[PDB]
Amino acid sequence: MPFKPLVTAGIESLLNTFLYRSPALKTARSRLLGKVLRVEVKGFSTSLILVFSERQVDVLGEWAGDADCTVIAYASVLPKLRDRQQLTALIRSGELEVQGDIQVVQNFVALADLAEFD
C-alpha cells in the first residue's frame, strides 16, 4: 500500500524535534503513551498515523489496525492545534471533526501548547 515514505519521515522528524527533544515535556508526553492518532487532512488522499511511545512518535502513511482517535480537518486547522484553549471552539464550529477518544487529541494539543513559547 502507498506508505508515502518521504512525507511521513519528514512529518516524523518535525514532530520529534518539536515534541520529543526536550526532557522537560516527559510527564506531558506520558499521557499519550501507547496511543494511536489518525489524522485525515481533507483534500489529501492519504491518512497520517501517529504512534506515541516513550522515546518518540512514529508516523505511518498506512496502518492495519484501529486508531484510539481520528481527527478530520483542512490543512489550515493544523497550525491551530498548538493552543489548548481554542480546541473546543474548532470542534464546536466543525473545523475539526473528532471520532473515538477525544482525550487523545486534547492531550496532544496540550503537549504541543507546552512545547512552544507563545
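Counting begins at 1, following the sequence as shown.
Taking the PDB entry as given, 2-10 carries the higher mean Cα B factor of the two stretches 2-10 and 108-116. For the two regions 22-30 and 72-80, the entry's Cα B-factors average higher over 72-80. Per the deposited coordinates, the residue with the largest Cα temperature factor out of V59, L87, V39, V36 is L87. Placement of the Cα temperature factor of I91 within the chain: highest third of the modelled residues, per the deposited record. In the deposited entry, the Cα temperature factor of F44 places it in the highest third of its chain's modelled residues. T17: CA B factor in the lowest third of modelled residues in this chain (values from the PDB entry).
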